[PDB]
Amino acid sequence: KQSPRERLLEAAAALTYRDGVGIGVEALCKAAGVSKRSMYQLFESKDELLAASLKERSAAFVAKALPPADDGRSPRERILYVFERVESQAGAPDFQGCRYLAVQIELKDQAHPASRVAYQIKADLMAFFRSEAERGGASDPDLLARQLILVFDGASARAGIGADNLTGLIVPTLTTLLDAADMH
């Protein structure tokens, strides 16, 4: 009870993240249990399949990466929540970094449709940091937002490649940046 279209979207999301964006049409179709013809009937190309898979699964990612809207948390607490999640995921054996940052680095083409979806998803994360920074009174909300997303990408990248498990690193870094921004 899962459509060919959903099977393709799931395999694209799973395999590109675990094995890289370069996985081929044959492997993708074999994983999904559909023919090449069926893939082309549903999508313009593998590039668009990947773009759709990132786009149509991002709402559920966002709902888990960010604290809920009605949570009673202060701006600082909400920002920390986001980072606590990264640090928790850094402990998972199958963690290979930020899905979105990885796609953009691997494709090396800002005009690629999947790269554009990934770029937008990550711009929205930055907008979240910007909104919390302003709500918490940061002296320069734009600067703090750029810092937070830089640390998010740095932390995700390094944990994803096994360079740093982030233990004892995230909280002190965020505290330092938040305090420096005069965050209530």
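One rule holds for the numbers: they count along the sequence shown, beginning at 1.
Problem set entry | Which of 99-107 and 82-90 has higher mean CA B factor, as the PDB entry lists it | In the deposited entry, the stretch with the higher C-alpha B-factor mean is 82-90.
For this session: Can you let me know which of the two, 62-70 or 26-34, has the higher average C-alpha B-factor in the entry?
Result: Result: 62-70.
Problem set entry | CA B-factor ranking of residue 146, expressed as a third of its chain | Lowest third of the chain for residue 146's C-alpha B-factor.
For this session: Classify residue 169 as lowest, middle or highest third according to the C-alpha B-factor given in the PDB entry, relative to its own chain.
Result: It belongs to the middle third of the chain when residues are ordered by C-alpha B-factor.
Exercise. Should residue 179 be placed in the lowest, middle or highest third of its chain by the C-alpha B factor in the entry?
Worked result: It belongs to the middle third of the chain when residues are ordered by C-alpha B-factor.
Problem set entry | Chain-relative CA temperature factor third for residue 21 | Answer is highest: the recorded C-alpha B-factor places it there.
For this session: Would you please rank residue 57 by its C-alpha temperature factor against the other modelled residues of its chain and give the third it falls in: lowest, middle or highest?
Result: Answer is highest: the recorded C-alpha B-factor places it there.
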